[PDB]
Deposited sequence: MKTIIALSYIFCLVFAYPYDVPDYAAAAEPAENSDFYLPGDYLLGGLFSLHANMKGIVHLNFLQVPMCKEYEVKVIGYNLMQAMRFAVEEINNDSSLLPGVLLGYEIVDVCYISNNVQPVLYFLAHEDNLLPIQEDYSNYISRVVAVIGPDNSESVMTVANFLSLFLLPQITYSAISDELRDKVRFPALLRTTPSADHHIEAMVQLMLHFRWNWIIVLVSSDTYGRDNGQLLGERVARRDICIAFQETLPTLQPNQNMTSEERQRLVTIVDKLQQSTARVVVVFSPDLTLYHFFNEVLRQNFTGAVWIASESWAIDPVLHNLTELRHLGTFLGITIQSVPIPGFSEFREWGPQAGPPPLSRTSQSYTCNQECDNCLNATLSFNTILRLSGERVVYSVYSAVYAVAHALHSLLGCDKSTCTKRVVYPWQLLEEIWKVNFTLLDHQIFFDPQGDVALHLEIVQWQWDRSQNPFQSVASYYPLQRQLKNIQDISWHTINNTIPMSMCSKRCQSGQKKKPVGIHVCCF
């Protein structure tokens, strides 16, 4: 299958494709994004092997294991660290220990990356994570071997704040989720917004509510109260920090309740969410903006995708992604390029470690701590972007504020601004189609002597 290719140097891969008995990941609903990213990693490895300039004569293999969002993030790691006989020795020094994989392209959610890195830190095995944006992953003493090809929530919050300042909104509502992601994102946004003269009218927590399930009446009353507080408030810009799964029920009340006239700002969880934009009924709720990664077109990847031990197989992924092929094709490559550049950074680090140039390499034995040492210093041009790591293990890939325009014949998420993490400044802002009567920029102020705690209000 596609979850394994023999090679000289193996490369672990963890992709989110979905007490006595343990429910396997294959029984959960198939997530298309994970399969797309897995195919991106495989295409990157195949293109590296195709090319005779980078790692010449060296085969780059991989071992891709289906990981879950939370459920299974242990065995995959134990399997990567073990030898070919599925046996991992216990010893104080691992400087001369050779694992099955030399690096892993780690999972996509923050908790899974933390769990994998807490066990990969004992071996200093490199781990480049895509699509994980926790500010806590920037701690290089807690996670010595953890790297990243995406900006953290630092730059996402910065992009949100600059978008607020450009259009002169100093009166915003923050809606977070009950999980640690929403709480951390809301706290970071609040602490940043408190020093740029933008006040938060209030903050509320949405209940944890996975879709396709029967929800209780207490959650319904909580949603009623939250939407009533939104409607009563004079702030007309709402920032939502919640997973892409838990917002279906909440937007239905905003609509059932018929609350109109707000600018919604979306975190990267649900900004480019294709199934959530599939709803096609939120159009009357105002304008939808979202922070995500800039599209980087990978030449030959769309055609490659269209042409195509345990927790290592899925069957409904192809039939699920067939129906999403055209919208994924039009939306471009956002996290795909993150996986691509992670694989290419690992390959360039391996090339530098082996010390070969346009000829057969030395084929020496490689310890993962050596590759981790060499991979911090990679600096190469990939698809007209400079790929190098910050002293905190981050790649400054441009972000993008994207606007939800309902049109299947065009890009479903039209780019309207570009964020540059290196200068922390948002520029190249384009026309935005506003929900107002005459396409005038919506106003979010509490005040045309101070009143209340907020400085913005008088």
Practice problem: Could you please spell out the deposited residue ranges that have no C-alpha entry in the coordinates? | Solution: 1 to 33, 52 to 61, 352 to 366, 507 to 514
